[PDB]
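Next up: just one chain, as structure tokens, the form deposited in one PDB entry.
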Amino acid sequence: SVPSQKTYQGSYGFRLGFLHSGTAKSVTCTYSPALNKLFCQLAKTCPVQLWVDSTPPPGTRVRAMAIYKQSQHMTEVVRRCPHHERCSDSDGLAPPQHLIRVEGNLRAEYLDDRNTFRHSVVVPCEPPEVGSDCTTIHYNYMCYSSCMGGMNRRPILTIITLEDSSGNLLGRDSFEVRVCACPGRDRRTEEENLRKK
């Protein structure tokens, strides 16, 4: 009833990476290593790098799923709020209830789990292009952390799983997410609060 969040590199040395975007007022997505937390604006591009030490087999996939970070909310499905699920902002592929979308990948598949009712989005694991050492997935988060009747100010984690063609686990990583109007300021504030504590 709760997806695992345990970091697991597995046989292929799977782990995430994030750009260094800074904390200027104009930044739309920024990652805090000290907090392991991504701060982003609503429906803006969030580049997430995938790093491996060796190439996984053909048919390997990469799945993203959100869960509530607090244990007392972890069994509740993370979904878009009653406003955003009805705002007709469909990209033609993501169900309107799904918080997490993949941008610019026609091979993305969206799952409503028949047993847990949780949402996820999964893409093929592509090898790095010539001249690159990693691959990047562009995610979008489609509600604010503050949306009433949805996340309702509760923090979430995104869990990224590397899976074989049957869906079996090959690797796992995760990060907290705050979707907010001013990610640069909020990252600075939370990093200062951590330093003071």
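Numbering starts at 1 and runs along the sequence shown.
Across the two stretches, 25-33 and 44-52, the PDB entry reports the greater mean Cα temperature factor for 25-33.
Stretches compared: 60-68, 150-158. Higher mean C-alpha B-factor in the entry: 150-158. Among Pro82, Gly104, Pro124, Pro95, the highest C-alpha B-factor recorded in the PDB entry belongs to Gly104. Among all modelled residues in this chain, the alpha-carbon of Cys143 has a temperature factor (C-alpha) in the lowest third.
Sort the modelled residues of the chain by CA B factor and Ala181 lands in the highest third.
The entry lists a Cα temperature factor for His119 that places it in the lowest third of the chain's modelled residues. Ranked by C-alpha B-factor against the other modelled residues of its chain, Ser174 falls in the lowest third.
In this PDB entry, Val78 carries a Cα temperature factor that places it within the lowest third of its chain's modelled residues.
Just so it is clear, the following notes concern the form deposited with a small molecule bound, a form of the same protein that is not shown.
Contact annotation: of the candidates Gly167, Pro33, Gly149, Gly59, the single residue with a non-hydrogen atom within 4.5 angstroms of the small molecule in the bound PDB entry is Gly59. Though the partner is left out of this view, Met65 does not reach within 4.5 Å of the small molecule in the bound PDB entry, counting heavy atoms only. Although the partner is absent here, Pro127 is a contact residue: one of its heavy atoms lies within 4.5 angstroms of the small molecule in the bound PDB entry.
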